[PDB]
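Student: So here's run_4.cif, just mmCIF, C-alpha atoms and all ligand atoms:
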```cif
data_upload
#
loop_
_atom_site.group_PDB
_atom_site.id
_atom_site.type_symbol
_atom_site.label_atom_id
_atom_site.label_comp_id
_atom_site.auth_asym_id
_atom_site.auth_seq_id
_atom_site.Cartn_x
_atom_site.Cartn_y
_atom_site.Cartn_z
ATOM 1 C CA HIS A 4 90.311 113.430 141.653
ATOM 2 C CA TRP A 5 89.492 114.501 145.200
ATOM 3 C CA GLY A 6 89.205 111.869 147.906
ATOM 4 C CA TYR A 7 90.246 111.141 151.487
ATOM 5 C CA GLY A 8 93.748 109.691 151.064
ATOM 6 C CA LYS A 9 97.111 111.185 151.943
ATOM 7 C CA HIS A 10 97.565 112.493 148.417
ATOM 8 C CA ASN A 11 94.041 113.722 147.582
ATOM 9 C CA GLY A 12 92.339 114.294 150.936
ATOM 10 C CA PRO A 13 91.042 117.312 152.872
ATOM 11 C CA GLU A 14 94.450 119.032 153.142
ATOM 12 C CA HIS A 15 94.724 119.120 149.324
ATOM 13 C CA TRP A 16 91.189 120.212 148.415
ATOM 14 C CA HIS A 17 91.954 123.960 148.528
ATOM 15 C CA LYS A 18 94.115 123.748 145.372
ATOM 16 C CA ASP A 19 91.105 122.977 143.148
ATOM 17 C CA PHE A 20 88.435 124.417 145.492
ATOM 18 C CA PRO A 21 89.858 127.593 147.077
ATOM 19 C CA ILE A 22 86.641 128.123 149.098
ATOM 20 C CA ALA A 23 88.024 125.311 151.297
ATOM 21 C CA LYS A 24 89.696 128.170 153.239
ATOM 22 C CA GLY A 25 86.526 130.300 153.253
ATOM 23 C CA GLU A 26 84.580 132.114 155.950
ATOM 24 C CA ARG A 27 81.753 129.591 156.597
ATOM 25 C CA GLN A 28 83.215 126.110 156.096
ATOM 26 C CA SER A 29 81.886 122.884 157.622
ATOM 27 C CA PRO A 30 82.100 120.792 159.721
ATOM 28 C CA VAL A 31 82.939 122.583 162.987
ATOM 29 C CA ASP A 32 83.459 121.634 166.601
ATOM 30 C CA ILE A 33 80.325 122.352 168.658
ATOM 31 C CA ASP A 34 81.416 123.888 171.971
ATOM 32 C CA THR A 35 78.300 123.146 174.010
ATOM 33 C CA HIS A 36 79.143 125.655 176.757
ATOM 34 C CA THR A 37 79.465 128.585 174.331
ATOM 35 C CA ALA A 38 76.399 127.566 172.270
ATOM 36 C CA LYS A 39 73.493 129.812 173.304
ATOM 37 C CA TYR A 40 69.736 129.180 173.481
ATOM 38 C CA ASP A 41 67.952 131.123 170.725
ATOM 39 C CA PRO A 42 64.335 132.156 171.438
ATOM 40 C CA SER A 43 63.830 133.262 167.816
ATOM 41 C CA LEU A 44 63.943 129.622 166.666
ATOM 42 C CA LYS A 45 60.497 128.218 165.756
ATOM 43 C CA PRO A 46 59.482 124.586 166.369
ATOM 44 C CA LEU A 47 61.316 122.191 164.037
ATOM 45 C CA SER A 48 59.132 120.077 161.731
ATOM 46 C CA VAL A 49 60.505 116.879 160.166
ATOM 47 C CA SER A 50 57.671 115.622 157.909
ATOM 48 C CA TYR A 51 58.800 112.353 156.302
ATOM 49 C CA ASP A 52 55.499 110.360 156.299
ATOM 50 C CA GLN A 53 55.122 110.457 152.473
ATOM 51 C CA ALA A 54 58.806 110.054 151.524
ATOM 52 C CA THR A 55 59.483 108.165 148.271
ATOM 53 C CA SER A 56 62.935 106.545 148.198
ATOM 54 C CA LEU A 57 64.182 105.353 144.814
ATOM 55 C CA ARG A 58 67.750 104.091 144.624
ATOM 56 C CA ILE A 59 71.022 103.563 146.505
ATOM 57 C CA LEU A 60 74.318 104.488 144.810
ATOM 58 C CA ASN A 61 78.008 104.001 145.654
ATOM 59 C CA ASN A 62 79.529 107.234 144.280
ATOM 60 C CA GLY A 63 83.143 106.437 145.227
ATOM 61 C CA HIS A 64 83.034 108.704 148.305
ATOM 62 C CA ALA A 65 80.016 107.354 150.272
ATOM 63 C CA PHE A 66 76.650 105.788 149.402
ATOM 64 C CA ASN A 67 73.583 107.954 148.732
ATOM 65 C CA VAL A 68 69.966 106.900 149.268
ATOM 66 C CA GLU A 69 68.070 109.040 146.750
ATOM 67 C CA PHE A 70 64.471 110.308 146.966
ATOM 68 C CA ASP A 71 61.826 111.582 144.548
ATOM 69 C CA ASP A 72 62.169 115.354 144.959
ATOM 70 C CA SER A 73 59.892 116.268 142.025
ATOM 71 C CA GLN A 74 57.142 117.364 144.455
ATOM 72 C CA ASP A 75 56.644 118.256 148.119
ATOM 73 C CA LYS A 76 56.658 115.023 150.126
ATOM 74 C CA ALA A 77 59.433 114.551 152.679
ATOM 75 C CA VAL A 78 60.201 118.093 153.881
ATOM 76 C CA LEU A 79 61.960 119.965 156.672
ATOM 77 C CA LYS A 80 60.473 123.226 158.000
ATOM 78 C CA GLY A 81 60.677 125.423 161.076
ATOM 79 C CA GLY A 82 63.567 125.877 163.455
ATOM 80 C CA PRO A 83 65.957 128.368 161.855
ATOM 81 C CA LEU A 84 64.473 127.827 158.391
ATOM 82 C CA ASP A 85 62.462 130.276 156.289
ATOM 83 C CA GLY A 86 60.158 128.245 154.026
ATOM 84 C CA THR A 87 60.140 124.623 152.878
ATOM 85 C CA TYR A 88 63.130 122.362 152.202
ATOM 86 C CA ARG A 89 62.701 119.104 150.248
ATOM 87 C CA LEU A 90 64.617 115.902 151.010
ATOM 88 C CA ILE A 91 66.803 114.824 148.048
ATOM 89 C CA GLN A 92 69.196 112.222 149.544
ATOM 90 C CA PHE A 93 70.897 110.940 152.668
ATOM 91 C CA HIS A 94 74.378 109.509 153.203
ATOM 92 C CA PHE A 95 76.854 108.831 156.028
ATOM 93 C CA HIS A 96 80.472 109.545 156.973
ATOM 94 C CA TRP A 97 82.304 106.944 159.089
ATOM 95 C CA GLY A 98 85.650 105.757 160.428
ATOM 96 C CA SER A 99 88.024 102.815 160.234
ATOM 97 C CA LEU A 100 87.490 102.323 164.005
ATOM 98 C CA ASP A 101 84.655 103.289 166.381
ATOM 99 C CA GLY A 102 86.655 106.194 167.902
ATOM 100 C CA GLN A 103 86.404 108.394 164.794
ATOM 101 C CA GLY A 104 84.129 108.949 161.805
ATOM 102 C CA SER A 105 81.917 111.959 162.522
ATOM 103 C CA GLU A 106 82.484 115.304 160.806
ATOM 104 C CA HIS A 107 81.022 117.548 163.478
ATOM 105 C CA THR A 108 82.434 117.038 166.972
ATOM 106 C CA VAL A 109 80.857 117.843 170.353
ATOM 107 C CA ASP A 110 83.323 119.403 172.818
ATOM 108 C CA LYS A 111 85.978 117.797 170.570
ATOM 109 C CA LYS A 112 84.478 114.277 170.944
ATOM 110 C CA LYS A 113 84.305 112.287 167.691
ATOM 111 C CA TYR A 114 81.428 109.856 167.124
ATOM 112 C CA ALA A 115 81.672 106.602 165.130
ATOM 113 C CA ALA A 116 79.691 108.048 162.201
ATOM 114 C CA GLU A 117 77.387 110.863 161.098
ATOM 115 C CA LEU A 118 74.192 110.768 158.997
ATOM 116 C CA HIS A 119 73.389 113.710 156.663
ATOM 117 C CA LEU A 120 69.809 114.173 155.413
ATOM 118 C CA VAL A 121 70.146 116.731 152.580
ATOM 119 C CA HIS A 122 67.318 119.144 151.673
ATOM 120 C CA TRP A 123 66.967 122.033 149.182
ATOM 121 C CA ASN A 124 64.948 125.251 149.478
ATOM 122 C CA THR A 125 61.931 125.005 147.177
ATOM 123 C CA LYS A 127 61.865 128.762 146.484
ATOM 124 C CA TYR A 128 64.829 128.147 144.116
ATOM 125 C CA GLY A 129 63.125 125.442 142.023
ATOM 126 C CA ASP A 130 65.998 122.917 141.663
ATOM 127 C CA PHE A 131 68.994 121.700 143.676
ATOM 128 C CA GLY A 132 71.373 123.231 141.118
ATOM 129 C CA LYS A 133 69.898 126.711 141.570
ATOM 130 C CA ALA A 134 69.746 126.234 145.337
ATOM 131 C CA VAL A 135 73.543 125.764 145.505
ATOM 132 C CA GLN A 136 73.933 129.264 144.066
ATOM 133 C CA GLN A 137 72.170 130.764 147.134
ATOM 134 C CA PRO A 138 73.302 131.493 150.721
ATOM 135 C CA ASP A 139 70.152 129.767 152.074
ATOM 136 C CA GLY A 140 69.835 127.097 149.400
ATOM 137 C CA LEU A 141 70.286 123.938 151.510
ATOM 138 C CA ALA A 142 69.487 122.526 154.940
ATOM 139 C CA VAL A 143 71.325 119.436 156.186
ATOM 140 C CA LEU A 144 70.007 117.531 159.204
ATOM 141 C CA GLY A 145 72.989 115.852 160.885
ATOM 142 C CA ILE A 146 72.653 112.917 163.292
ATOM 143 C CA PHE A 147 75.492 111.284 165.228
ATOM 144 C CA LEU A 148 75.931 107.496 165.421
ATOM 145 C CA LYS A 149 77.411 105.712 168.441
ATOM 146 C CA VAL A 150 78.009 101.959 168.726
ATOM 147 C CA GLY A 151 75.770 100.017 171.102
ATOM 148 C CA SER A 152 72.392 98.421 170.403
ATOM 149 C CA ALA A 153 71.300 97.865 166.800
ATOM 150 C CA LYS A 154 69.125 100.428 165.005
ATOM 151 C CA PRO A 155 66.284 98.406 163.421
ATOM 152 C CA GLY A 156 65.495 101.074 160.820
ATOM 153 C CA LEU A 157 69.084 100.965 159.519
ATOM 154 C CA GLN A 158 69.168 97.219 158.805
ATOM 155 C CA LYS A 159 67.604 97.452 155.317
ATOM 156 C CA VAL A 160 70.444 99.812 154.329
ATOM 157 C CA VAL A 161 73.125 97.514 155.771
ATOM 158 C CA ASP A 162 71.775 94.477 153.963
ATOM 159 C CA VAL A 163 71.835 96.051 150.469
ATOM 160 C CA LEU A 164 75.479 97.211 150.705
ATOM 161 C CA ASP A 165 76.870 93.914 149.349
ATOM 162 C CA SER A 166 75.141 94.745 146.032
ATOM 163 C CA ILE A 167 76.813 98.174 145.662
ATOM 164 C CA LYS A 168 80.320 97.324 146.850
ATOM 165 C CA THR A 169 82.233 99.358 144.255
ATOM 166 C CA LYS A 170 82.137 102.856 142.791
ATOM 167 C CA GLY A 171 79.424 103.341 140.198
ATOM 168 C CA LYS A 172 77.153 100.500 141.339
ATOM 169 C CA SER A 173 73.522 101.215 142.241
ATOM 170 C CA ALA A 174 70.461 99.216 143.306
ATOM 171 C CA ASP A 175 66.723 99.755 143.599
ATOM 172 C CA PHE A 176 65.873 101.051 147.077
ATOM 173 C CA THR A 177 62.146 101.798 147.043
ATOM 174 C CA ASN A 178 59.802 101.840 150.048
ATOM 175 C CA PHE A 179 62.446 102.856 152.621
ATOM 176 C CA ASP A 180 61.177 104.958 155.553
ATOM 177 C CA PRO A 181 63.793 107.489 156.801
ATOM 178 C CA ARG A 182 61.764 108.091 159.996
ATOM 179 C CA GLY A 183 63.423 104.944 161.346
ATOM 180 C CA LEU A 184 66.819 106.714 161.421
ATOM 181 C CA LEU A 185 65.859 109.496 163.855
ATOM 182 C CA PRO A 186 66.461 109.624 167.624
ATOM 183 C CA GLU A 187 63.643 110.336 170.083
ATOM 184 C CA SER A 188 64.492 113.998 170.722
ATOM 185 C CA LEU A 189 64.686 116.796 168.153
ATOM 186 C CA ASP A 190 66.847 119.072 170.361
ATOM 187 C CA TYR A 191 69.496 120.589 168.062
ATOM 188 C CA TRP A 192 72.313 123.045 167.432
ATOM 189 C CA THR A 193 72.319 125.227 164.288
ATOM 190 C CA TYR A 194 74.825 127.400 162.422
ATOM 191 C CA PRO A 195 75.519 128.606 158.824
ATOM 192 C CA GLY A 196 78.061 126.517 156.903
ATOM 193 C CA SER A 197 78.997 124.611 153.768
ATOM 194 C CA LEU A 198 79.046 121.311 151.976
ATOM 195 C CA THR A 199 81.668 119.111 153.674
ATOM 196 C CA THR A 200 82.910 117.649 150.365
ATOM 197 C CA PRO A 201 84.017 119.384 147.170
ATOM 198 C CA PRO A 202 82.723 121.708 145.820
ATOM 199 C CA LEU A 203 82.498 122.958 149.452
ATOM 200 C CA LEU A 204 79.808 125.516 148.563
ATOM 201 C CA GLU A 205 78.704 127.903 151.340
ATOM 202 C CA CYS A 206 74.954 127.309 150.998
ATOM 203 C CA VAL A 207 73.985 125.230 154.051
ATOM 204 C CA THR A 208 71.970 125.851 157.204
ATOM 205 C CA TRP A 209 73.239 123.042 159.470
ATOM 206 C CA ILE A 210 70.862 121.485 162.000
ATOM 207 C CA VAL A 211 72.757 118.948 164.162
ATOM 208 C CA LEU A 212 70.721 116.842 166.586
ATOM 209 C CA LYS A 213 72.026 116.554 170.144
ATOM 210 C CA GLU A 214 70.838 112.958 170.722
ATOM 211 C CA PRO A 215 72.892 110.290 168.894
ATOM 212 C CA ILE A 216 71.331 107.153 167.492
ATOM 213 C CA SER A 217 72.789 103.810 168.539
ATOM 214 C CA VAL A 218 73.820 101.287 165.878
ATOM 215 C CA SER A 219 75.444 97.911 166.441
ATOM 216 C CA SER A 220 79.093 97.098 165.814
ATOM 217 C CA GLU A 221 77.930 94.642 163.140
ATOM 218 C CA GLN A 222 76.007 97.398 161.324
ATOM 219 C CA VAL A 223 78.953 99.821 161.122
ATOM 220 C CA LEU A 224 81.368 96.991 160.245
ATOM 221 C CA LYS A 225 79.322 96.457 157.071
ATOM 222 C CA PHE A 226 79.746 100.141 156.100
ATOM 223 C CA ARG A 227 83.510 99.479 156.305
ATOM 224 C CA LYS A 228 83.324 96.626 153.730
ATOM 225 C CA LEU A 229 82.404 99.041 150.934
ATOM 226 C CA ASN A 230 85.070 100.090 148.419
ATOM 227 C CA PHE A 231 86.206 103.510 147.154
ATOM 228 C CA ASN A 232 87.478 101.844 143.942
ATOM 229 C CA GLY A 233 85.544 100.541 140.964
ATOM 230 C CA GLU A 234 84.995 96.912 140.002
ATOM 231 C CA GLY A 235 88.179 95.100 139.000
ATOM 232 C CA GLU A 236 90.514 97.689 140.524
ATOM 233 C CA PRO A 237 92.707 97.188 143.617
ATOM 234 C CA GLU A 238 90.589 97.139 146.754
ATOM 235 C CA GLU A 239 90.583 100.333 148.838
ATOM 236 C CA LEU A 240 88.194 100.046 151.768
ATOM 237 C CA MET A 241 85.700 102.917 152.084
ATOM 238 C CA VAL A 242 86.623 104.132 155.582
ATOM 239 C CA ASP A 243 87.548 107.512 157.115
ATOM 240 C CA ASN A 244 85.457 109.451 154.580
ATOM 241 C CA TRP A 245 85.132 112.449 156.929
ATOM 242 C CA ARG A 246 86.473 116.021 156.793
ATOM 243 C CA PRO A 247 87.894 117.341 160.105
ATOM 244 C CA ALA A 248 86.524 120.377 161.909
ATOM 245 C CA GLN A 249 87.208 123.753 160.284
ATOM 246 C CA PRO A 250 87.677 127.234 161.814
ATOM 247 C CA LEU A 251 84.499 128.757 163.258
ATOM 248 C CA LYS A 252 85.510 132.299 162.220
ATOM 249 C CA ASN A 253 82.721 134.903 162.557
ATOM 250 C CA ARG A 254 79.925 132.495 163.553
ATOM 251 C CA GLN A 255 77.818 131.542 166.576
ATOM 252 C CA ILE A 256 76.203 128.166 167.254
ATOM 253 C CA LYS A 257 72.646 128.451 168.557
ATOM 254 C CA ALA A 258 70.787 125.843 170.625
ATOM 255 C CA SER A 259 67.085 124.977 170.396
ATOM 256 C CA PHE A 260 66.943 123.963 174.062
ATOM 257 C CA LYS A 261 67.358 125.900 177.289
HETATM 258 N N1 LIG B 1 78.352 116.095 153.113
HETATM 259 S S1 LIG B 1 77.252 117.222 152.782
HETATM 260 O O1 LIG B 1 75.987 116.808 153.359
HETATM 261 O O2 LIG B 1 77.777 118.497 153.127
HETATM 262 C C1 LIG B 1 76.989 117.240 151.022
HETATM 263 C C2 LIG B 1 75.697 117.178 150.529
HETATM 264 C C3 LIG B 1 75.533 117.331 149.166
HETATM 265 F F1 LIG B 1 74.277 117.322 148.659
HETATM 266 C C4 LIG B 1 76.571 117.518 148.296
HETATM 267 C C5 LIG B 1 77.826 117.544 148.841
HETATM 268 F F2 LIG B 1 78.879 117.729 148.008
HETATM 269 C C6 LIG B 1 78.085 117.405 150.187
HETATM 270 O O1 LIG B 2 57.574 102.622 152.575
HETATM 271 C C1 LIG B 2 58.166 103.642 153.373
HETATM 272 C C2 LIG B 2 57.166 104.734 153.668
HETATM 273 O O2 LIG B 2 56.774 105.273 152.394
HETATM 274 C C3 LIG B 2 55.845 106.351 152.495
HETATM 275 O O3 LIG B 2 55.585 106.896 151.250
HETATM 276 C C4 LIG B 2 54.558 105.837 153.121
HETATM 277 O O4 LIG B 2 53.592 106.880 153.178
HETATM 278 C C5 LIG B 2 54.867 105.298 154.509
HETATM 279 O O5 LIG B 2 53.692 104.772 155.113
HETATM 280 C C6 LIG B 2 55.942 104.219 154.422
HETATM 281 O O6 LIG B 2 56.338 103.814 155.726
HETATM 282 O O1 LIG B 3 74.508 142.411 171.235
HETATM 283 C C1 LIG B 3 73.995 141.314 171.987
HETATM 284 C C2 LIG B 3 73.735 140.127 171.089
HETATM 285 O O2 LIG B 3 75.019 139.629 170.681
HETATM 286 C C3 LIG B 3 74.933 138.595 169.703
HETATM 287 O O3 LIG B 3 76.221 138.210 169.359
HETATM 288 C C4 LIG B 3 74.160 137.399 170.251
HETATM 289 O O4 LIG B 3 73.946 136.464 169.198
HETATM 290 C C5 LIG B 3 72.805 137.826 170.798
HETATM 291 O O5 LIG B 3 72.139 136.716 171.404
HETATM 292 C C6 LIG B 3 72.951 139.001 171.760
HETATM 293 O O6 LIG B 3 71.667 139.479 172.132
HETATM 294 O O1 LIG B 4 63.176 99.620 151.501
HETATM 295 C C1 LIG B 4 64.456 99.407 150.911
HETATM 296 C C2 LIG B 4 64.604 97.986 150.413
HETATM 297 O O2 LIG B 4 64.556 97.127 151.563
HETATM 298 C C3 LIG B 4 64.775 95.753 151.257
HETATM 299 O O3 LIG B 4 66.001 95.595 150.612
HETATM 300 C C4 LIG B 4 63.667 95.257 150.338
HETATM 301 O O4 LIG B 4 63.928 93.903 149.988
HETATM 302 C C5 LIG B 4 63.589 96.117 149.083
HETATM 303 O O5 LIG B 4 62.445 95.755 148.318
HETATM 304 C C6 LIG B 4 63.495 97.593 149.441
HETATM 305 O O6 LIG B 4 63.639 98.372 148.261
HETATM 306 ZN ZN ZN B 5 77.773 114.552 154.280
#
```
Can I see the file as structure tokens?

Tutor:
Amino acid sequence: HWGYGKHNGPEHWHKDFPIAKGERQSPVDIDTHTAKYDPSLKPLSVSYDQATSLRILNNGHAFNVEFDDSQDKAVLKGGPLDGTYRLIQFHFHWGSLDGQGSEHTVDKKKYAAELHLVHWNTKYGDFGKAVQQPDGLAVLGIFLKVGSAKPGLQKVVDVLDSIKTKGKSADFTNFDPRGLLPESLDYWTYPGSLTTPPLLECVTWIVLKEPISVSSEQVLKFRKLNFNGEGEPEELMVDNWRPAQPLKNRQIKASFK
């Protein structure tokens, strides 16, 4: 039922999901001047060398690239995190035009899109148990701006024609997510939530400061996907982002001086 349209979008979600008005909702605006360096943060470790991708799915809201999370392979450690978090999937949020699409904003500036690499805390055994815990998930967020092409994104772009409509999937083995990172791992971090229903308040957000550049042609292909299923009237999959939510009783910490 929930979506991004006028009649089922972010301003309606609270009726079924009252936590939408909660105390640690995401995304937020990142005020870079108020964000403070945190010396208690440990070095961040993104260890994706043995990642095993499996499948790509159009779920009617975005597309997910899914990974084998039955054992410790691609993991995120360090930074603000206690213990080991396993990669389960990544997806994007994007706009109808280059001037909007990100969920987090930086001094109110909206990027063209935002990549979310989703990980769960292995001390809870499964993703479903992890989303019953305050520290169950860690999402690594990466901004996309439009400029030069990102070579490591092209394999994703070129499979999208095969998953145009809701419910379609395709094999997506042997994809290396290391090709989606920027050079620097400088980041901001804060406690938040899932940005889509069920909006659960389980996430440690780690948002990289350096955006990746993708080409106009790459993001234009994201915008050819459909929210609807096969045979149904075409609704382009665009503007699948939630706007910034109140910061409330939180502080954003920076990894860099
Ligand atoms: N968009 S998000 O990364 O917060 C996200 C991740 C997830 F695993 C499930 C969700 F419902 C939402
Ligand atoms: O195929 C994508 C990636 O898969 C990983 O499991 C391999 O260890 C990497 O060498 C490879 O780049
Ligand atoms: O009481 C002082 C403390 O206030 C907190 O809000 C800040 O996060 C700390 O960095 C600071 O040392
Ligand atoms: O790596 C992701 C995918 O990239 C390309 O589409 C390859 O043709 C395919 O075999 C692979 O699964
Ligand atoms: Zn997301």

Student: Translate the PyMOL selection byres (((chain A and resi 22-30) around 7) and not hetatm) into a concrete residue list for this structure, as number ranges by chain.

Tutor: A: 16-17, 20-21, 31, 106-107, 195-199, 203, 205, 247-249, 252

Student: Provide an axis-aligned box for all listed atoms of ligand LIG 4 (chain B), padding each side by 4 Å; report its centre and its edge lengths in Å to one decimal, as lines of an AutoDock Vina configuration file.

Tutor:
```
center_x = 64.2
center_y = 96.8
center_z = 149.9
size_x = 11.6
size_y = 13.7
size_z = 11.3
```

Student: Which residue is closest to ligand LIG 3 (chain B)? Choose from A:120, A:211, A:38, A:60 and count all atoms listed in the file.

Tutor: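 Looking only at the distances to ligand LIG 3 (chain B), the closest residue turns out to be A:38.
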
Student: Can you list every residue of chain A that has an atom at most 10 Å from ligand LIG 2 (chain B), with its nearest atom pair and the distance in Å to one decimal, using all atoms listed in the file, ordered by chain then number, as CSV?

Tutor:
```
residue,atom,partner,partner_atom,distance
A:51,CA,B:LIG2,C3,7.7
A:52,CA,B:LIG2,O4,5.0
A:53,CA,B:LIG2,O3,3.8
A:54,CA,B:LIG2,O3,4.5
A:55,CA,B:LIG2,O3,5.1
A:56,CA,B:LIG2,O2,7.6
A:76,CA,B:LIG2,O3,8.3
A:77,CA,B:LIG2,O3,8.7
A:177,CA,B:LIG2,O1,7.2
A:178,CA,B:LIG2,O1,3.5
A:179,CA,B:LIG2,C1,4.4
A:180,CA,B:LIG2,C1,3.9
A:181,CA,B:LIG2,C1,7.6
A:182,CA,B:LIG2,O6,8.1
A:183,CA,B:LIG2,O6,9.1
```

Student: Give the residue list for ligand LIG 3 (chain B) at 9 Å, counting only C-alpha atoms and all ligand atoms, as a PyMOL selection string, sorted by chain and then by residue number.

Tutor: chain A and resi 39-41+254-257

Student: Would you work out the distance separating atom CA of residue A:191 from atom CA of residue A:260, expressed in Å to one decimal?

Tutor: 7.3 Å

Student: Might you pull out every residue within 10 Å of residue A:135, with all atoms listed in the file counted and same-chain residues fewer than 6 positions away left off, and present them as a list in words?

Tutor: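 Once the nearby chain positions are removed, what remains is residues 123, 124, 128, 141, 197, 198, 204, 205, 206 and 207 of chain A.
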
Student: Could you name the residues that touch residue A:43 at 10 Å or less, counting only C-alpha atoms, but leaving out those on the same chain fewer than 5 positions away, as a PyMOL selection string?

Tutor: chain A and resi 82-83+259

Student: Env of residue A:93: 8 Å cut, atoms = all atoms listed in the file, seq-sep filter 4 positions within chain, self excluded. Answer as a compact mmCIF listing (two decimals) with C-alpha atoms, in the coordinates of the input.

Tutor:
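Saved to result.txt:
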```
# COMPACT_ATOMS: atom_id res chain seq x y z
CA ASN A 67 73.58 107.95 148.73
CA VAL A 68 69.97 106.90 149.27
CA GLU A 69 68.07 109.04 146.75
CA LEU A 118 74.19 110.77 159.00
CA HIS A 119 73.39 113.71 156.66
CA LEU A 120 69.81 114.17 155.41
CA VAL A 121 70.15 116.73 152.58
```

Student: Any idea what the distance is between atom CA of residue A:202 and atom CA of residue A:112?

Tutor: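 According to the coordinates, atom CA of residue A:202 and atom CA of residue A:112 are separated by 26.3 Å.
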
Student: I'd like to know which of A:230, A:166, A:137, A:61 is closest to ligand LIG 4 (chain B), using only C-alpha atoms and all ligand atoms.

Tutor: A:166

Student: Which residues would end up in the selection if the PyMOL selection byres (((chain A and resi 86) around 12) and not hetatm) were applied here, given that I need the answer as an NGL selection string?

Tutor: :A and (45 or 47-48 or 78-85 or 87-89 or 122-125 or 127-128 or 139-142)

Student: Would you mind writing stretch 167-181 of chain A with N, CA, C and O atoms, as a PDB file, in the coordinates of the input?

Tutor:
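As a result, out19.pdb now contains:
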```
ATOM      1  N   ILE A 167      76.243  96.935 146.189  1.00  0.00           N
ATOM      2  CA  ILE A 167      76.813  98.174 145.662  1.00  0.00           C
ATOM      3  C   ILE A 167      78.235  98.367 146.193  1.00  0.00           C
ATOM      4  O   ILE A 167      78.623  99.464 146.624  1.00  0.00           O
ATOM      5  N   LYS A 168      79.038  97.295 146.148  1.00  0.00           N
ATOM      6  CA  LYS A 168      80.320  97.324 146.850  1.00  0.00           C
ATOM      7  C   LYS A 168      81.276  98.357 146.271  1.00  0.00           C
ATOM      8  O   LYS A 168      82.066  98.955 147.013  1.00  0.00           O
ATOM      9  N   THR A 169      81.232  98.571 144.957  1.00  0.00           N
ATOM     10  CA  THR A 169      82.233  99.358 144.255  1.00  0.00           C
ATOM     11  C   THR A 169      81.632 100.600 143.597  1.00  0.00           C
ATOM     12  O   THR A 169      80.427 100.687 143.330  1.00  0.00           O
ATOM     13  N   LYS A 170      82.513 101.567 143.355  1.00  0.00           N
ATOM     14  CA  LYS A 170      82.137 102.856 142.791  1.00  0.00           C
ATOM     15  C   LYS A 170      81.367 102.672 141.493  1.00  0.00           C
ATOM     16  O   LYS A 170      81.791 101.929 140.603  1.00  0.00           O
ATOM     17  N   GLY A 171      80.241 103.373 141.384  1.00  0.00           N
ATOM     18  CA  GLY A 171      79.424 103.341 140.198  1.00  0.00           C
ATOM     19  C   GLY A 171      78.293 102.339 140.223  1.00  0.00           C
ATOM     20  O   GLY A 171      77.457 102.356 139.312  1.00  0.00           O
ATOM     21  N   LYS A 172      78.243 101.457 141.218  1.00  0.00           N
ATOM     22  CA  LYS A 172      77.153 100.500 141.339  1.00  0.00           C
ATOM     23  C   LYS A 172      75.968 101.123 142.076  1.00  0.00           C
ATOM     24  O   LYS A 172      76.138 101.887 143.028  1.00  0.00           O
ATOM     25  N   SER A 173      74.764 100.770 141.624  1.00  0.00           N
ATOM     26  CA  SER A 173      73.522 101.215 142.241  1.00  0.00           C
ATOM     27  C   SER A 173      72.546 100.042 142.336  1.00  0.00           C
ATOM     28  O   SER A 173      72.691  99.015 141.655  1.00  0.00           O
ATOM     29  N   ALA A 174      71.513 100.212 143.163  1.00  0.00           N
ATOM     30  CA  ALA A 174      70.461  99.216 143.306  1.00  0.00           C
ATOM     31  C   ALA A 174      69.139  99.907 143.607  1.00  0.00           C
ATOM     32  O   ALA A 174      69.111 100.991 144.194  1.00  0.00           O
ATOM     33  N   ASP A 175      68.042  99.267 143.207  1.00  0.00           N
ATOM     34  CA  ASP A 175      66.723  99.755 143.599  1.00  0.00           C
ATOM     35  C   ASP A 175      66.637  99.826 145.118  1.00  0.00           C
ATOM     36  O   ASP A 175      67.137  98.943 145.824  1.00  0.00           O
ATOM     37  N   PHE A 176      66.006 100.882 145.628  1.00  0.00           N
ATOM     38  CA  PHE A 176      65.873 101.051 147.077  1.00  0.00           C
ATOM     39  C   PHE A 176      64.560 101.771 147.380  1.00  0.00           C
ATOM     40  O   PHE A 176      64.514 102.744 148.132  1.00  0.00           O
ATOM     41  N   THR A 177      63.475 101.259 146.816  1.00  0.00           N
ATOM     42  CA  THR A 177      62.146 101.798 147.043  1.00  0.00           C
ATOM     43  C   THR A 177      61.586 101.380 148.402  1.00  0.00           C
ATOM     44  O   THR A 177      62.039 100.420 149.039  1.00  0.00           O
ATOM     45  N   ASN A 178      60.573 102.134 148.838  1.00  0.00           N
ATOM     46  CA  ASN A 178      59.802 101.840 150.048  1.00  0.00           C
ATOM     47  C   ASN A 178      60.658 101.801 151.312  1.00  0.00           C
ATOM     48  O   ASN A 178      60.415 100.999 152.216  1.00  0.00           O
ATOM     49  N   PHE A 179      61.654 102.687 151.401  1.00  0.00           N
ATOM     50  CA  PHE A 179      62.446 102.856 152.621  1.00  0.00           C
ATOM     51  C   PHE A 179      61.946 104.075 153.401  1.00  0.00           C
ATOM     52  O   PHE A 179      61.793 105.160 152.833  1.00  0.00           O
ATOM     53  N   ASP A 180      61.735 103.907 154.714  1.00  0.00           N
ATOM     54  CA  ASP A 180      61.177 104.958 155.553  1.00  0.00           C
ATOM     55  C   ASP A 180      62.284 105.624 156.360  1.00  0.00           C
ATOM     56  O   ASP A 180      62.774 105.030 157.329  1.00  0.00           O
ATOM     57  N   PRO A 181      62.700 106.854 156.033  1.00  0.00           N
ATOM     58  CA  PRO A 181      63.793 107.489 156.801  1.00  0.00           C
ATOM     59  C   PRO A 181      63.418 107.865 158.233  1.00  0.00           C
ATOM     60  O   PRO A 181      64.314 108.208 159.019  1.00  0.00           O
TER      61      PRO A 181
END
```
